[PDB]
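**Student:** following this: a sequence and the matching experimental structure.
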Amino acid sequence: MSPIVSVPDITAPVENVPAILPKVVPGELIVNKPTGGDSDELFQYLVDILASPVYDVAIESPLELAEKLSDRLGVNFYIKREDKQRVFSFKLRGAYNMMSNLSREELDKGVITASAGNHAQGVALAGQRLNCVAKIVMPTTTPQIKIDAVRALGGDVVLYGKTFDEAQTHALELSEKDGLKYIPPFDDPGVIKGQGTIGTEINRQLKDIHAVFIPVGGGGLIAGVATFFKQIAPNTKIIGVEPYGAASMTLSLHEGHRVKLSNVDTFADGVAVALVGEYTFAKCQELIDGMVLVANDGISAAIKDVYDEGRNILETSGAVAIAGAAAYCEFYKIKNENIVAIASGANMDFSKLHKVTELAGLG
């Protein structure tokens with residue numbers, strides 16, 4: 001696309017109501033017919049992804065064979081463990097890549113974003129490595145322990161607003177006012193290329209993949225991974241996964257244009273996105289095979305699945321793609337194929353397991 005700099009959003013509003021969802025069961029593929037994208041643009045992405053300095057902050061995370069899930073489903077079920085990054089999610093990658101491309105002058109001024117979660121941690125970490133002040137704007141109502149999490153990384157946290165939107169608005173206007181570069185959570189080529197490095201790793205770690213399942217909030221992660229994969233392993237399906245109650249990418253792809261959901265279920269907070277990105281929606285139209293929807297009980301059961309493997313806890317958004325991959329395997333009776341799901345993060349309040357156990361128990 002082109003960069004959207006100053007105009008307010010005018011994306012067509014859609015009332016988020018059960019009657020609008022495609023009538024599919026969990027794991028049933030909502031088909032996308034990819035348009036292909038541009039050869040030169042994709043090539044530029046490939047090279048930028050390969051040149052990305054993410055390893056200044058990130059590791060090549062494990063691609064782990066999930067034994068129990070594999071035995072149950074009769075496939076080779078692999079989980080890409082981005083929850084094993086320093087900040088417990090993949091988001092250090094995009095943030096560092098984009099920030100590392102800023103001029104030394106821009107970095108000396110300092111950067112700004114609004115977040116009290118996974119993106120905030122990635123940005124703060126990148127700020128520390130790049131020796132620059134990152135101002136993270138959070139609502140005044142933010143649990144002290146998350147403020148400390150970001151301050152621990154060296155973030156200059158600022159309290160403002162009662163919701164993420166007011167904090168965000170304030171961070172954005174404070175951006176134009178103070179002349180600070182805004183670091184976007186997903187809607188940016190630099191960020192997309194950072195997340196794309198996960199495609200490189202997965203492909204390096206495993207060939208002959210039937211499908212890679214990827215959680216979709218804003219669409220940065222999937223756009224990045226799909227960009228690498230559709231050039232390097234074109235026969236592999238790239239499938240996005242979303243909660244029924246937050247199906248903004250699915251609805252957008254179905255309508256043929258971005259769509260703004262009136263409200264979203266927040267159980268999977270990281271993917272509770274009302275409006276997908278401009279760059280990322282275009283990449284999905286161009287590249288991905290389709291979308292799969294999951295419910296909160298399926299998400300919760302996936303958290304239990306991973307616990308049952310090694311007693312690690314994923315956050316709800318981090319388990320979304322696992323739920324999607326598993327459901328897809330059962331729906332299509334996939335057998336003896338390689339399946340990858342991305343475990344995208346593990347920053348969840350301990351107390352949320354109260355609700356998760358309740359939903360996981362439904363079987």
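**Tutor:** Thanks, I have it. Numbers count the residues shown, from 1 in each chain.

**Student:** which non-adjacent residue is nearest the most centrally placed residue in the chain?
**Tutor:** Compute the mean C-alpha point of the chain, and by C-alpha atoms, centre = their mean the closest residue is residue 221, 4.7 Å away. For residue 221, ignoring the flanking residues on the chain, the nearest one in space by C-beta to C-beta, 6 or more residues apart in numbering is residue 195 at 4.7 Å. From N, CA and C alone the C-beta is placed, and that goes for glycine too.

**Student:** how about the helices in the stretch 251-363 of the chain?
**Tutor:** 278-287, 296-310, 316-331, 353-360 (DSSP state H, counting those that start in this stretch).

**Student:** point out the most buried one among those helices.
**Tutor:** For the helices of the stretch 251-363 of the chain, the largest average neighbour count (mean count of other C-beta atoms under 10 Å) is found in helix 316-331, namely a mean of 28.

**Student:** hey, C-alpha coordinates of that one in CSV?
**Tutor:** The C-alpha trace of helix 316-331 is given here as CSV (Å, rounded to 0.1, in the frame of the first residue of the first chain):
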residue,chain,number,x,y,z
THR,A,316,-5.0,-17.5,25.0
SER,A,317,-3.7,-15.7,21.9
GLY,A,318,-0.7,-18.0,21.9
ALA,A,319,-2.8,-21.1,21.8
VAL,A,320,-5.2,-19.9,19.1
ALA,A,321,-3.3,-21.4,16.2
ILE,A,322,-2.8,-24.7,18.0
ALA,A,323,-6.6,-24.9,18.4
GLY,A,324,-7.1,-24.1,14.7
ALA,A,325,-4.5,-26.6,13.5
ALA,A,326,-5.9,-29.4,15.7
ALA,A,327,-9.5,-28.7,14.6
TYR,A,328,-8.5,-28.6,10.9
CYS,A,329,-6.7,-32.0,11.2
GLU,A,330,-9.8,-33.6,12.7
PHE,A,331,-12.2,-32.0,10.3
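
**Student:** what helices and strands are in contact with it?
**Tutor:** If you count contacts as 3 or more C-beta pairs under 8 Å, 6 or more residues apart in numbering; DSSP states H and E, helix 316-331 packs onto helix 67-73, strand 76-81, strand 209-215, strand 237-243, strand 290-294, helix 296-310, strand 338-343.

**Student:** so can I have CSV of these showing distance to residue 250?
**Tutor:** Shown next, in CSV, are the helices and strands packed on helix 316-331 (distance: least, C-beta to C-beta, whole Å):
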stretch, distance to residue 250
helix 67-73, 23
strand 76-81, 22
strand 209-215, 12
strand 237-243, 6
strand 290-294, 4
helix 296-310, 15
strand 338-343, 17
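
**Student:** show me the contacts for residue 261.
**Tutor:** Shown in contact with residue 261 (C-beta atoms under 8 Å, 6 or more residues apart in numbering): 14, 16, 246, 247, 248, 251, 274, 275.

**Student:** partner residues bridging it?
**Tutor:** Taking DSSP bridges as the rule, residue 261 bridges to residue 14.

**Student:** that one and residue 318: what is the separation?
**Tutor:** Counting by C-beta to C-beta, to the nearest Å, the gap from residue 261 to residue 318 is 22 Å.

**Student:** now swap in residue 348 and tell me
**Tutor:** 8 Å.

**Student:** kindly report the same for residue 312.
**Tutor:** For residue 312, the distance to residue 318 - C-beta to C-beta - is 10 Å.

**Student:** now do the shared contacts for those two.
**Tutor:** 83, 346.

**Student:** residue 107: what's it in contact with?
**Tutor:** Counting by C-beta under 8 Å, 6+ apart, residue 107 has contacts 99, 130, 131, 132.

**Student:** now with 10 Å, please.
**Tutor:** 99, 100, 127, 130, 131, 132, 133, 134, 181 (C-beta atoms under 10 Å, 6 or more residues apart in numbering).

**Student:** looking at this, it is in a helix?
**Tutor:** Yes - the assignment for residue 107 by DSSP: H, G, I helix; E, B strand; the rest coil puts it in a helix.

**Student:** thinking again about what came up before, closest to residue 352 among the contacts of residue 261?
**Tutor:** Minimum distance to residue 352 across the contacts of residue 261 is 16.6 Å, recorded for residue 246 (C-beta to C-beta).

**Student:** that closest one - nearest residue in space that isn't next to it in sequence?
**Tutor:** residue 264 (4.2 Å).

**Student:** double-check the one you found against residue 270; I have them as touching.
**Tutor:** No - shown here, residue 264 and residue 270 do not form a contact pair, counting by C-beta atoms under 10 Å, at 11.6 Å.

**Student:** those two: which is more packed in?
**Tutor:** Shown here are residue 264 and residue 270; by other C-beta atoms under 10 Å, residue 270 has more neighbours (24 against 21).

**Student:** what sits against the residue lying closest to the more buried one once chain neighbours are set aside?
**Tutor:** Counting by C-beta to C-beta, 6+ apart, residue 270 lies nearest to residue 317, which is 3.1 Å off, once chain neighbours are set aside. For residue 317, the contact set (C-beta under 10 Å, 6+ apart) comprises 89, 117-118, 215, 217, 243, 246, 267-272, 299, 343-348.
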